[PDB]
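The chain that follows stands alone, in the form deposited in one PDB entry, written as structure tokens.
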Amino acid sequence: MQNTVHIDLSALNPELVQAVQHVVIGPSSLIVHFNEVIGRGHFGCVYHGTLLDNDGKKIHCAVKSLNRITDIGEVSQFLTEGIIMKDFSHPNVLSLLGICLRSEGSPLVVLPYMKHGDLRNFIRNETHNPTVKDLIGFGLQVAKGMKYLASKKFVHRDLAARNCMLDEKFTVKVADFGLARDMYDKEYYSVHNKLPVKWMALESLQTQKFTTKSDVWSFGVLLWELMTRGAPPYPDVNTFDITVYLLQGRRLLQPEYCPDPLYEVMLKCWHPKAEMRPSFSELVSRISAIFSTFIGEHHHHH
């Protein structure tokens, strides 16, 4: 059975195994509420969990597990989704609590619990009803998280509202790193070995090369999701037809209640020339200026 699966750590890249050991959680310190599914990632389901800290205090966490354990390659990619987050320390980026792996079964990627859940379902919720200014503020928070990520030379590749979480203080955190890659000193990441077609930059669709500038494009799509309150992008355009649609200069259209200065920012994110797109630092500056000059009702701290 799957519960008897044994992972041979000798088969993985030593640097990965060392990184996993550096964030190891002993099995006696973790309780997985396996009967309480809270979400899903690219590799499996997410469950409620309880961690016991160094002083025996209970910490509410989220636990990702690997749904399919048939090959080492998938095990490697799953552990990497946890490992890429190891040194993350920013208010708008989800931190890694650790990784638990015993003799049998799935490795377990442990994360802080995010009270309000995913950003997409949050903004779609008729109760929540966030104001226009609250939405711009969430967009600003995401830009701050991405400025941090790009500074560490990591490329997200999957920035979408679905992949962001809100904690008890309504702090938005970029949460899923299932496709994120270290750019090292290359300033790009090319496909070797899922891809979000409707959030991808035109050049990534064409060449399968990813950069911070293609993350800027995805960010623009995220802003559009925020301003439409979680509407699906290009609903009348097929995935396979997106490349041509974008080649023709067509873009996501201005959401009904979106301020004109914020739509202009979105259009800058979708410039056909990646070098012409603003950086994350510039996006933080521009959005902060729009947020501070849109005088409307707002409830959260951004």
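Residue numbers here begin at 1 and follow the sequence given. Here the rigid core means the biggest group of C-alpha atoms that line up within 1.5 Å when the two forms are laid on top of each other.
J.: At a threshold of one third of the other compared entries, does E187 come out as unmodelled?
T.: yes, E187 frequently unmodelled elsewhere, at least a third of entries.
J.: Among the other compared PDB entries, is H60 dropped in a third or more?
T.: No, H60 has coordinates in all the other entries compared.
J.: Report, from the record, the number of residues in the deposited sequence between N193 and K194 that have no coordinates, as none, 1 to 3, 4 to 9, or 10 or more.
T.: Gap between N193 and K194: 4 to 9 unmodelled residues.
J.: Comparing 198-206 with 113-121, where is the mean C-alpha B-factor higher?
T.: If you average the C-alpha B-factors of 198-206 and of 113-121, the larger mean comes out for 198-206.
J.: Higher average CA B factor in the deposited record is what I'm after, so tell me if that's 28-36 or 243-251.
T.: Mean CA B-factor is higher for 243-251.
J.: Checking the entry, which one of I290, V20, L12, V284 has the top C-alpha B factor?
T.: In the PDB entry, the greatest C-alpha B-factor among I290, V20, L12, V284 is found at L12.
J.: Whose CA atom has the top B-factor in the entry, of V75, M183, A143, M227?
T.: By C-alpha B-factor in the record, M183 ranks first.
J.: Considering only modelled residues of the same chain, in which third does the CA B-factor of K58 rank: lowest, middle or highest?
T.: Highest third of the chain for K58's C-alpha B-factor.
J.: How does the C-alpha B factor of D176 compare with the rest of the chain: lowest, middle or highest third?
T.: Answer is lowest: the recorded C-alpha B-factor places it there.
J.: If you rank every modelled residue in this chain by C-alpha B factor, which third holds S218: lowest, middle or highest?
T.: Within its chain, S218 is a lowest-third residue by C-alpha B-factor, going by the deposited values.
J.: State the tercile, meaning the lowest, middle or highest third, of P232 with respect to the CA B-factors recorded for its chain.
T.: For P232, whose C-alpha B-factor we compare with every modelled residue in the chain, the answer is the highest third.
J.: Lowest, middle or highest third: where is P259 by Cα B-factor in its chain?
T.: Answer is highest: the recorded C-alpha B-factor places it there.
Omitted here: the form deposited in another entry. The next part is about that form.
J.: Can you spot, among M146, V75, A201, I136, the one with a CA shift of 2 Å or more between this form and the one not shown after core superposition?
T.: Single residue meeting the criterion: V75.
J.: Core-aligned, is the CA shift for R124 between this form and the one not shown 2 angstroms or more?
T.: No; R124 is a residue whose C-alpha shifts by less than 2 Å between this form and the one not shown when the cores are overlaid.
J.: Determine whether the C-alpha of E168 shifts by 2 Å or more between this form and the one not shown once the rigid core is superposed.
T.: It does not, since the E168 C-alpha is displaced less than 2 Å between this form and the one not shown after the core fit.
J.: Would you say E36 moves between this form and the one not shown, meaning its CA shifts by 2 Å or more once the core is fitted?
T.: Yes, the C-alpha moves 2 Å or more.
J.: Just to spell it out: taking the C-alpha atom of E15 and the C-alpha atom of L94, is that distance smaller or larger in the other form than in the structure shown here, given it changes by 3 Å or more?
T.: Here the pair is closer than in the other form; there, farther apart.
J.: Classify the change in Cα distance between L96 and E15 in the other form as closer or farther, relative to the shown form (magnitude of 3 Å or more).
T.: Relative to the shown form, the pair is farther apart.
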